[PDB]
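For reference, the chains in residue letters:
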Amino acid sequence: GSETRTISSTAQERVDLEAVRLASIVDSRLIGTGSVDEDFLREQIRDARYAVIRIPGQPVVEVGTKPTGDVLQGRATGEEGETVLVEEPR
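Residues numbered from 1 in each chain as written, not as in the entry; some residues may be left out. Heavy atoms only, no water.

For this coordinate set, the PDB header names solution NMR as the determination method.

Next comes the structure, spelled out in structure tokens:
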């Protein structure tokens, strides 16, 4: 039969703001040189375990370590039309 579960508006909310903060640092890199690298984003996390990149026309970057599935996901859209994702332990 059917089941209930407990959603977050605290731990799952905070990962959004730090993902918009990285959409802001990635814009500074798209203006700065035009591509992000893992060694640029490991200095910008500041709250998260892992940062993740979806910029059109360049390959995916993943910072820190790959997550298992028991993780929170923060997500943003940047100012040159890119996408940023952030991952934290659940």
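Draft legend 1. Just the pattern of salt bridges, in detail. Tallying each qualifying case throughout the model produces 9 salt bridges. Between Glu18 and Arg14 there is a salt bridge, and its shortest N-O distance comes to 2.8 Å. Placement of the pair is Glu18 and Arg14 together in helix 1 (residues 11-32), with a separation of 4 residues, close to one helical turn. A relative accessible area of 6% places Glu18 in the buried class. Residue classification places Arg14 among the partly exposed residues on the basis of a relative accessible area of 34%. Here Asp70 ties to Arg90 by a salt bridge, and the two come within 2.8 Å at their closest N and O atoms. Residue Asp70 is found in the loop between strand 1 (50-54) and strand 2 (71-77), and its partner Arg90 is found in the segment after strand 3 (83-89); the two are separated by 20 residues along the sequence. When its relative accessible area of 67% is taken as the criterion, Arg90 is described as exposed. Put simply, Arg14, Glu18, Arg49 and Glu88 are held in one network by salt bridges that share partners. (Salt bridge = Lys/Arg side-chain N within 4 Å of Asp/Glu carboxyl O. Helix = DSSP H or I, 4+ residues; strand = E, 2+ residues; numbered from the N terminus. Buried < 20%, exposed > 50% of the residue type's maximum accessible area, 1.4 Å probe, protein only.)

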